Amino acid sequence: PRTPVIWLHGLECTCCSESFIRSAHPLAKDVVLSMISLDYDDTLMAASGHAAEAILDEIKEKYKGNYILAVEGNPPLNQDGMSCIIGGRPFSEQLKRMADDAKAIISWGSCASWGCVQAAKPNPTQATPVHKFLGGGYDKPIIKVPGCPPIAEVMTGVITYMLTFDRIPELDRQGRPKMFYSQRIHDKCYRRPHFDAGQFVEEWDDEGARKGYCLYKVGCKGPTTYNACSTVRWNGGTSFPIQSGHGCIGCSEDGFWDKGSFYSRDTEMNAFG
C-alpha cells in the first residue's frame, strides 16, 4: 500500500501545489500513481461537495494515525474563521480534525510554515501558521518546508526521503529539513566573488548587471535566507532569482514581507555589528 497523504488548502495562492507538479525527478505523475496515495486534494480531485467531504471522513478512520497531513496555506482566526470556509465551516476546524489523527504534518510553503503574504501587516484575517494554530501541546512532528513556493525538487525530495529511508529527515530548530534548508543563499552563491570584490549592480541594467555582479546593493536578501535556491536551483535546475538578475526577496524566511522593502539592503552583514 502506498503512503496515504491528505493535502489540505487553507488561505493560500496555490503556488506550492503548482511547484510540486514542476518536479523534474521524480515526476509528479509517478509520485501520485506509484509512490504516495494522494487521497484528498481539492485542486486535482474528481469529487466535489458531499462526495469530497466523505473521503476525509473515510480516510481519517481507515488510516487513523497512518496518513501524512500535508498543509498548504493557513487558517484565519478573524471573521470567526469564515474568511476561509470549507463545507460551510471554518477551515481551522477541518485542519484541527485532520491534525488530530495525522502521523505527521508537512507544512508546505511559507503560508503554512510562517504566515506568508496574508500574514503581513496588518494581517486582516489573523492568518496563523499551522504550528502556531495547533499550539505547543501538539504531539506529532511538523515538517516545515518554507518558500513562496518551495523548490519543486525540494518538495518531492522530502517525500522521497521519507519513503526511501523510512524516517522524518533531520530538522533544524525551526523545523526545516537540513536536507535543503541548512545553508544560506549567500553561503553558496555563484555571484559571491563579485560581492567579495565590491562589484555590485548599482542601478538596474548597468555595467555590473550585464556582467552578473552581486545584487546586494539592489536588495538581495540572500545573506539572511536559508534555502536551496543557489544549489538545487529552480525548474529542473534552470535558474534562480539571483541568476536571472533580481535579488532574493527572502521568501522562505519567517516574516520576510515585513523585514523591509525588497530593495532595502540586507542587515547583519558585519561581524563587528
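From 1 onward, residues are counted along the sequence shown.
**Q** Return whichever of 38-46 and 239-247 has the greater mean Cα B factor according to the PDB record.
**A** Between 239-247 and 38-46, it is 38-46 that shows the higher mean C-alpha B-factor.
**Q** Given the B-factors recorded for C-alpha atoms, which segment has the greater mean, 92-100 or 112-120?
**A** Per the PDB record, 92-100.
**Q** When the CA B-factors of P129, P177, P150, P141 are compared as recorded in the entry, which is the largest?
**A** Among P129, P177, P150, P141, the highest C-alpha B-factor in the entry belongs to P141.
**Q** Of the options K64, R233, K211, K221, which has the highest CA B factor as deposited?
**A** Top of the list by C-alpha B-factor: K64.
**Q** Compare the C-alpha B factor of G136 with those of the other modelled residues in its chain, then answer lowest, middle or highest third.
**A** Its C-alpha B-factor belongs to the highest third of this chain's values.
**Q** Of the three thirds of its chain by CA temperature factor, lowest, middle or highest, which one includes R192?
**A** Lowest third - that is where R192 ends up once the chain's C-alpha B-factors are sorted.
**Q** Should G73 be placed in the lowest, middle or highest third of its chain by the C-alpha B factor in the entry?
**A** Answer is lowest: the recorded C-alpha B-factor places it there.
**Q** Would you check the entry's CA temperature factor for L27 and let me know if it's in the chain's lowest, middle or highest third?
**A** Middle third by C-alpha B-factor.
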